[PDB]
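Accompanying notes for the structure given below.
Protein chains: 8
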Amino acid sequence: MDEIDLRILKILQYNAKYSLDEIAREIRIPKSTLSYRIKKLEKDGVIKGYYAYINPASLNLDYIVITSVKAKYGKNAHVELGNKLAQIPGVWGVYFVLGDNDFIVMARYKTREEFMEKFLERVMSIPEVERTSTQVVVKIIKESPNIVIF
Amino acid sequence: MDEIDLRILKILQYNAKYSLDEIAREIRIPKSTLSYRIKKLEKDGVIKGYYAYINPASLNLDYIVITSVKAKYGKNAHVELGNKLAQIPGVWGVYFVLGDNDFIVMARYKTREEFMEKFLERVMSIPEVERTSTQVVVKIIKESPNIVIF
Amino acid sequence: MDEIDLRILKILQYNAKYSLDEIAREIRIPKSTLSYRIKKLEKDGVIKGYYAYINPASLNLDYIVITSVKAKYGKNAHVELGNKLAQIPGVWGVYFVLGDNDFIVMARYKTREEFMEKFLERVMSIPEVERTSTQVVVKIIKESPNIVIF
Amino acid sequence: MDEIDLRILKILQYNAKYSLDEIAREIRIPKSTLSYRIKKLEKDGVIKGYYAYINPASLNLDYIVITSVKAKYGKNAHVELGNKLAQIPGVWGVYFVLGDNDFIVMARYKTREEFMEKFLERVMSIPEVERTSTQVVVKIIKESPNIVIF
Amino acid sequence: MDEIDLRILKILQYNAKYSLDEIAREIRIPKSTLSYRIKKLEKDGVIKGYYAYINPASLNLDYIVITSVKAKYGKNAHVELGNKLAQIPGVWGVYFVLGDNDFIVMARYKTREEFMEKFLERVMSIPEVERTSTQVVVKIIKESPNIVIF
Amino acid sequence: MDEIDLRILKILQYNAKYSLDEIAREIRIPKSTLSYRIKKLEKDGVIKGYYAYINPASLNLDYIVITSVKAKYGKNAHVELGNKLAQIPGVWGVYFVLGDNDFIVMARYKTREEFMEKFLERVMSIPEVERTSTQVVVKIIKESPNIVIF
Amino acid sequence: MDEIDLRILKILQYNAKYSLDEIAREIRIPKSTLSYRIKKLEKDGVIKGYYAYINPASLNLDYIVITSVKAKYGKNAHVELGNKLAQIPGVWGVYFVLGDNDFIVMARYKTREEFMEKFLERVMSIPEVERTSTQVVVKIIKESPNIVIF
Amino acid sequence: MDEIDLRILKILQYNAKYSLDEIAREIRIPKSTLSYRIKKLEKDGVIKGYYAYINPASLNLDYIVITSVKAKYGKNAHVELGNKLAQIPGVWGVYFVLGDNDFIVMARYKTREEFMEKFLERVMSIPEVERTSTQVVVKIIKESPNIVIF
Ligand SMILES: NC(=O)CC[C@H](N)C(=O)O
Ligand SMILES: NC(=O)CC[C@H](N)C(=O)O
Ligand SMILES: NC(=O)CC[C@H](N)C(=O)O
Ligand SMILES: NC(=O)CC[C@H](N)C(=O)O
Ligand SMILES: NC(=O)CC[C@H](N)C(=O)O
Ligand SMILES: NC(=O)CC[C@H](N)C(=O)O
Ligand SMILES: NC(=O)CC[C@H](N)C(=O)O
Ligand SMILES: NC(=O)CC[C@H](N)C(=O)O
Ligand SMILES: NC(=O)CC[C@H](N)C(=O)O
Ligand SMILES: NC(=O)CC[C@H](N)C(=O)O
Ligand SMILES: NC(=O)CC[C@H](N)C(=O)O
Ligand SMILES: NC(=O)CC[C@H](N)C(=O)O
Ligand SMILES: NC(=O)CC[C@H](N)C(=O)O
Ligand SMILES: NC(=O)CC[C@H](N)C(=O)O
Ligand SMILES: NC(=O)CC[C@H](N)C(=O)O
Ligand SMILES: NC(=O)CC[C@H](N)C(=O)O
Ligand SMILES: [Mg+2]
Ligand SMILES: [Mg+2]
Ligand SMILES: [Mg+2]
Ligand SMILES: [Mg+2]
C-alpha cells in the first residue's frame, strides 16, 4: 500500500460510516478510485472487517480484569493453555509474554459472581495452569485498540 | 434495551456491513423497525460508532508491549500520569488497577527502536513515574475487544 | 429498610444494651414502633445476632497473625481448602482474594507455641496448600468489624 | 477470672441476648452469682460492650478490600500513618505487621466508586504512604471476630 | 536467678577466663559465694558450657552464606528438612521462620568449591526442598552471638 | 598452624574447660607443649577469647528476629547504616550481603514490646534505611556458631 | 607469568593481528623472546585461541535475550539442565548463580520467531525446567568479554 | 555478503589463526579470492577485529558477578547510568533490558575485596542508581560470545 491507503485507513479506523463522497472529497481523489482501493485493502486482508463499537457500560460490564497466568512447564502445555484461555466467555484478549508470567488475559464481566463462575473457577480447574494473579481494573483511562495508525 | 437489541448488537459487534435486509431477515423483524432500533441504540450511546478492523501486522506493528507503571504517591499524581500515558502515540490501552502496579499500558510499535524512542524514553522522563516493567508480547493468541456480547 | 432503620442500626452496632426508651427518645419515635422495627430487622436477617465484645488481651491472645495461603491449582481444591482453613481453632477470618495469594487468614493465639501447634503445623499438612506466608501483627491500630454503618 | 467466667464468655461471645435464667441454668449456678460475675467482667474490662451483628450484605457492602500499605521510613511516620488509616470511613481494621508491608487495612464499601473516592484516592494522597497494594475479596469464607474463646 | 547472677553472666559472656578473685572483687562478693552461684547456674543449665572463640578468618572460612530454603508442603516435611539441614558440615545456624521462606541457614566454607560440594549440591538433592536462595555475605559488620545480656 | 593445632581447636571450640591433662592425654602430646601451643594460638589471634555459652531461654529471650534491611543508595550510607545497626541493643549479628537486601540483622528480645521499642522503632528512624522486612524465628533448629572446625 | 606477559596479553586481548615487530618494539623486548613467551602462554593454556570479533548486527542478530531459569530441585537435575541449556543454538552464555534463579542464559537470534522456535519452545519442554523469565535486551551499552586485563 | 562469507566467518569466529591455504582448501576457493573477501568483510565492518581468547582463571578472575541495576526514573538518568556502568574496571557487559531491572551488568574480579572496592562501592555511590542486586556466578557452564554463527 501507499501513503494514500494510509490516509484512507486512518479515517476508517475512526469512522467506517463515512460516505465515499466525504472521504473522496477529503483525501482529494475520485470516488471510484477510493472504492477500488478500499475493496483492494479488504481483499489483501489489510481491512479484516467492520464492527460497531459498543459501550461496555451499556451492557453492565462493570467487572474488568487483567489476569496473569503461569503455566506448568513441559509438553505442549503452553499452546494448549493459550487456546483454552481464549475460549472462555468474556475473555477478549490473550497474550503470551516474556517476563514472570506466561499469559496476560483481558476479560470483562457484569459482576463479581459472573467473573467467579465464568472465569476464575474455570481457569483454576485448567490442568496446565500453575498459578493466576488477577488485577481488577478500577478505571479505564483509555481503550481504543481500533487506532492502529497514529 | 430488550432481548431484540441484544441480538442486533451481537451481530453488529462482529459485522457492521450487513444490509438491513440480511439482519432484518435473520432476527425476523421489519427492516424499518430494525433501522429505528439501531438509530435508537446510537442515540442512547450504546453504539458509539463503527470502525474498520485493521490488521496490525499489515502495518508492521511487530513490537507489542504490556507495560506496568508504578506512580510516585501523593498529590494528584495518579490522575495526571494516567492522562500523560494515554496521550503517547502507539498506546491504545491504559488501565488503573488494584495490585502491585498502578497502571497497565497496552502499546504497539513497528520496531524496538520506535518503541524506545516513542514510548520508553518518554515514560522514563515523566515525573510522576516511579518505575516501569515492560512485558514483550511474543504471541497474540486472541485480541477481539469488539466482542462485548458473548 | 428506611433512613430510620439506618439510625437504629448505627446505634445497635455500637451499643446493643441501650433501653428501648433511650433509643426511642434519641431517634424520636414511639417505643413500640422501635421494638417492631428491630424485631423486623432481625426477622429479615439484617441483624443476625448480638454479641459481647470481649477484649482479646484479657484472654492473653498475644500472638496475632495474618497468613496468606496459596492453593495448589486444579480440581475442587480452592473450595475445600477454604473450608479446612475456616475450621481451624483460633481462625476467625478466611478470605478468598484476587492477587498473588488465594486466601488471607486471620487468627489469634495466646503464644507462639499454641500458634505452631494449633495453626501452622496443621496448615502445612493440608494437601491443597501450596505455600503459606505469615505476617505477625505487632500492633492492632484498629479492629472494629462491628461498625458497618459509617 | 476462673473456668466459670470462661464458660460465661463462651456463651456471650455467641449470643448476648440469653436471659440470666437460661445461662444460669446451663452453667449450673445461681442467677445472682452470674449477674455479679458478668458485671464484674465488664468492670474489669473483659467485656468491653455488646453489639448487634449486622449483615454487611444487607447494607450492600459488596466491595471488600484488604490493602497492604508500605510507609516511607523515618521520623514518626509509622505512628502517624497508622492513625490516618484508622480514621478513613469504611476502614474497620488496621494492623502494623512484620513482613514486606507495614500495615494491613481491612475496609468495606458498597461499590468500586465509593471505594475509589472514600479510600483509594485518600490513601494515595497521604504523605507518609510509599505504596499500596489492594487485594479484592471475592469471597468471605469466614468472618467471626467475635469468637475469641475457641 | 537474681540481679547478682546477671552481673556474673554479663562478665562470663565476654570473658570466661577471669579468676574468681577478679570477678569476686569486681561484683563485691566473697569468692566462695561466687563459685557456688556459678556452679549453680551451670547445674540449672543457664550456663551450658564454655567455648574458645575462634577467628573464622584464621581457618580461611572466607565463603560465608545465608541461605533461605522453601520446603515442599505436606507430611512431616518441615521437621525432617530442618534436621537434614542442621547435619550439613559448615552449617552452624538453622532457623524456622515466618515469612516467604521456611528456613534460614547460616553456613561458612573456605571457598566457593567447598560450598558447592559440601552444601549446595547436598541441599539441592534433599527431597523436601522446594527451592533455595543463597545470599553471599561480603562483610561481617558484627557477629557476637555470645552477648545475650545487653 | 599445623594438624595438631587443629585438633586442639576442635576441642576448645566445644569445651574450653578441659584440663591441660585431659587434652594432652587425648591428643598424645606433653602438657607443656600443649600449653605453649595454646598460648601461641591466642597470641596470633586464632583464639580471640573464651566465653560462657548462655542459654537464651534462661534469659527469656523469646522474641528472635532476622531482619533484612535495604539502605538508601548513595554517599557513605552503607558503611554508616551497618554501624548504626551493630550498636542497637539485642542485635548480635549484622551482615552485608549480595542479593535484594543490603543487611541481614540477627537480634533477640524478651518480648514483642521490647523488640518494638528497642529495635523496630529505632531502625525505622535511621535516615539511611529505605525499608526493613523482619522474619520472626518460631524455632531454632540449630545455633552453634562456636563450631568453626567441622 | 610475569609483568611482561601481562603487557603482552593486554595487547593481544585487544588486537591479535599486530606484528611481532610492533609488539616487540612497544614492550621493548627482542622479537624472539616475545615469540617464545607467546607460544609459552598458549602451551600453558593462558591464551586458549584467537577469534575474529564479528559484529552481531551484521548477522541481523537483533533479538537479544537474558533468560533466568529456575530448575526443579532434586536428583542430578542442575547439572543436566545446565548442559541442555548450553547446547541450544544461539545460546553463548550459561551461568549457574546464587540468588532466586538457578541459571542465567545469554542468547541471540535474528527475530522473535527464531527465538520462539529455537529457544523458548525448546526450553519450556526441558523436563528439569521449573520456570523461565526472559528479559529482552533493548540496548547493548557494552559487550567486550575479550577484555580480561583492565 | 553471501553463503561463502558465512562459511568463512563460521571458521574465523572459532579460529582466526588458520592459514589462507587451510581455509581456501576447506571452502574450496582460490586463496586470493578468500583474502579479498576477508579484507572486504573487515572494510564493511563485519569483522571488527581479532582477539586472543584469554582464560579468565589464568588471571585469577574468580569472583564473577551478574548485577541487576534499577535506575532512579526521570531526566537523562538512564543514558548517563548506562555509561557510568560501562566505565567501571572489570565490567565487560552492560545491557539495558525490559523487565523489573534496568541494566544487567557482567563483571569479573580476582576476589571479593577487589569486587567490593572496584565495583560495589562505586556503583552504590552513583547518583542515578536506585538499587542493585548481585547474583554471584558459582559456575560458568558456557561463555562463548565469539560464536555468532551457529
Ligand atoms: N470524484 C468523485 O468523488 C466521484 C466521481 C469520479 N469521476 C469517480 O471516480 O467516480
Ligand atoms: N511467560 C513467561 O513469563 C515466560 C516468559 C519469559 N520471558 C521466559 O523466559 O519464558
Ligand atoms: N420487512 C422488511 O424487511 C422490510 C419491509 C417492512 N414492511 C418494513 O418495516 O420496512
Ligand atoms: N496500582 C496499584 O498497584 C495500586 C492498587 C492497589 N490495589 C492499591 O492498594 O492501591
Ligand atoms: N413513646 C414511647 O417511647 C413509648 C410509648 C409509645 N406510645 C409507644 O409506642 O410505646
Ligand atoms: N488467590 C489468588 O491470588 C488468585 C487471585 C488472582 N486475582 C487470580 O487471578 O486468581
Ligand atoms: N438460681 C437462679 O437461677 C436464681 C435464684 C438464685 N437463688 C439466685 O442466686 O438468684
Ligand atoms: N511493615 C513491614 O513490612 C515491616 C515489618 C518488618 N518485619 C520489619 O523489619 O520492619
Ligand atoms: N572474699 C573472697 O574473694 C575470698 C574469701 C571469702 N571469705 C570467700 O568467700 O572465699
Ligand atoms: N517458612 C515460611 O516462610 C512460612 C512462614 C509463614 N509465616 C507461614 O505462613 O508459614
Ligand atoms: N606429659 C604431660 O602431660 C605433662 C608432662 C610433660 N613432660 C610436659 O611436657 O609437661
Ligand atoms: N544488599 C543488597 O541486596 C545488594 C547486594 C547486591 N548483590 C548488589 O548488587 O549490591
Ligand atoms: N629485536 C627484535 O625485535 C628482533 C631481533 C632480536 N635480536 C630477536 O630477539 O629476534
Ligand atoms: N539458582 C538459584 O537461584 C539458587 C542459588 C541460591 N543462592 C541457592 O541457595 O541455591
Ligand atoms: N588456490 C589457492 O589457494 C591459491 C592460488 C590461487 N590461484 C589464488 O587465487 O591465489
Ligand atoms: N529496566 C527495566 O526493568 C525497565 C524495563 C521495562 N520493560 C520497562 O517498562 O521499562
Ligand atoms: Mg473494531
Ligand atoms: Mg459483634
Ligand atoms: Mg561461645
Ligand atoms: Mg574472542
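Chains as they are written, first to last, in the authors' numbering: chain A, 1 to 150; chain B, 1 to 150; chain C, 1 to 150; chain D, 1 to 150; chain E, 1 to 150; chain F, 1 to 150; chain G, 1 to 150; chain H, 1 to 150. We put the CB at the ideal spot given by N, CA and C, even for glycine.
Beta bridge counterpart(s) of A:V148 as assigned by DSSP: Paired residues: none, contrary to the question.
Please report the straight-line C-alpha distance between D:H78 and D:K40, rounded to a whole angstrom.
Computed Cα separation, rounded: 37 Å.
- Query: Secondary structure at B:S19, three-state DSSP: helix, strand or coil?
  - Reply: If DSSP states are grouped into helix, strand and coil, B:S19 belongs with coil.
The beta strand (DSSP E) that contains G:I54, what's its start and end? Start and end: 47-54.
| task | Return helix, strand or coil for F:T111, following the three-state DSSP convention. | result | If DSSP states are grouped into helix, strand and coil, F:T111 belongs with coil.
When the distance is taken between beta carbons, is B:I23 closer than 8 Å to B:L34?
For B:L34 and B:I23, yes; Cβs fall inside 8 Å.
Checklist line | Minimum Cβ-Cβ distance from C:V129 to chain D less than 8 Å | finding: Judged by the 8 Å Cβ criterion, C:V129 is not in contact with chain D.
Inside the stretch 73-118 of chain H only - beta strand (DSSP E) runs reaching at least 3 residues: Within the stretch 73-118 of chain H, complete beta strand (DSSP E) segments of at least 3 residues are found at 91-98, 103-109, given in chain order.
At 7 Å on the CB atoms, spell out the chain A contacts of C:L98, in chain order.
In chain order: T134, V136.
Next on the checklist: Residues of the stretch 5-16 of chain D in Cβ contact with chain C at a cutoff of 8 Å, in chain order, please.
Outcome noted: Result list: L9, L12, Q13, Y14, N15, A16.
How many Å lie between A:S58 and B:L12 at the Cα? Looking at the two C-alpha atoms, the distance is approximately 15 Å.
| query | Among A:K43, A:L98, A:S68, which residue has its Cα nearest to the Cα of B:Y63? | reply | Closest option to B:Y63, Cα to Cα, is A:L98.
What residues in its chain sit with their C-beta under 8 Å from that of H:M124, if we drop five residues either side in the sequence? Short of 8 Å from the beta carbon of H:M124, and not among the five residues preceding or following it, lie these beta carbons of its own chain, in chain order: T132.
- request: Using the beta-carbon of each residue, find all residues closer than 5 Å to any heavy atom of ligand 3 and list them in chain order.
  value: Taking a cut-off of 5 Å from the heavy atoms of ligand 3, the residues with a C-beta inside it are B:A24, B:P30, B:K31, B:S32.
field: Cβ neighbours of E:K31 in the same chain (closer than 6 Å, five flanking residues each side left out)
entry: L20, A24.
### Task
For E:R112, return the contacting residues in chain H, with the cut-off set at a CB-CB distance below 7 Å.
At a C-beta separation below 7 Å, E:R112 has these neighbours in chain H: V138.
Check your understanding: Around the C-beta of E:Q135, are 16 or more other C-beta atoms found within 10 angstroms, so that it is buried, or is it exposed?
Key -> Buried.
Return the Cβ separation of B:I66 and B:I104 in integer angstroms, given the expectation that the two are a contact with Cβ distance under 8 Å. About 7 Å separates the beta carbon of B:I66 from that of B:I104, a gap short enough to meet the 8 Å contact definition.
| Just how far apart, CA to CA, sit residue 153 of chain H and F:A71? | Outside the modelled stretch of chain H, which goes from 1 to 150, sits residue 153 of chain H, for which no answer is possible.
*Who are the Cβ neighbours of E:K10 in its own chain at under 7 Å, not counting the five residues just before and after it?*
Closer than 7 Å at the Cβ level, and outside the excluded window around E:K10, lie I149.
D:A71 bridges to which residues according to DSSP?
-> According to the DSSP secondary-structure assignment, D:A71 is paired through a beta bridge with D:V129.
Closer than 8 Å by beta-carbon distance: list the chain G residues that pair up with B:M116, in chain order. For B:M116, the chain G residues whose C-beta falls within less than 8 Å of its own C-beta are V138, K139, listed in chain order.
Hey, does C:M106 have any beta-carbon neighbour from chain E nearer than 8 Å?
-> No - not a single Cβ of chain E is within 8 Å of the one on C:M106.
Residues of chain F with a CB under 9 Å from the CB of E:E3: which are they? Within chain F, no C-beta atom comes nearer than 9 Å to that of E:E3; the closest sits roughly 13 Å away.
**OP:** Using beta-carbon positions only, say whether E:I54 and F:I140 come within less than 8 Å of one another.
**Re:** In this structure, E:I54 sits away from F:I140, with a CB-CB distance that is not shorter than 8 Å.
_What does the alpha-carbon distance come out to for the pair B:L85 and H:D102?_
Distance between the alpha carbons of B:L85 and H:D102: 20 Å.
- request: Starting from F:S35, follow the alpha helix (DSSP H) in both directions and report where the run begins and ends.
  value: For F:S35, the enclosing alpha helix (DSSP H) starts and ends at 31-43.
Check: Does E:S125 get closer than 8 Å to chain G when you measure Cβ to Cβ?
Finding: Yes, because at least one Cβ of chain G sits closer than 8 Å to the Cβ of E:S125.
For H:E113, is the classification buried or exposed, using 16 other Cβ atoms within 10 angstroms of its Cβ as the cut-off for buried?
Within a 10 Å sphere around the beta-carbon of H:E113 sit fewer than 16 other beta-carbons, which makes this residue exposed.
Exercise. Considering only C-alpha positions, which residue in the set C:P145, C:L61, C:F119 is nearest to C:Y109?
Worked result: Ranking C:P145, C:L61, C:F119 by Cα distance to C:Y109 puts C:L61 first.
Would you give the residue range spanned by the alpha helix (DSSP H) that H:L6 belongs to?
Unbroken alpha helix (DSSP H) run through H:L6: 3-12.
Checking 8 Å against the spacing of the C-beta atoms, do E:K142 and F:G93 come in under that value? Remark: C-beta atoms of E:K142 and F:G93 approach each other more closely than 8 Å.
Can we count C:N146 as close to ligand 18, meaning its CB is less than 7 Å from some heavy atom?
Remark: the shortest separation between the CB of C:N146 and any heavy atom of ligand 18 falls under 7 Å.
Return yes when at least one heavy atom of ligand 19 lies under 7 Å from the C-beta of F:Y51, else no. True, at least one ligand heavy atom lies under 7 Å from that Cβ.
Would you please state the rounded distance, in angstroms, between the beta carbons of B:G74 and B:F96? I believe it to be under 8 Å. Actually they are not in contact, since the Cβ atoms of B:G74 and B:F96 sit about 16 Å apart, beyond 8 Å.
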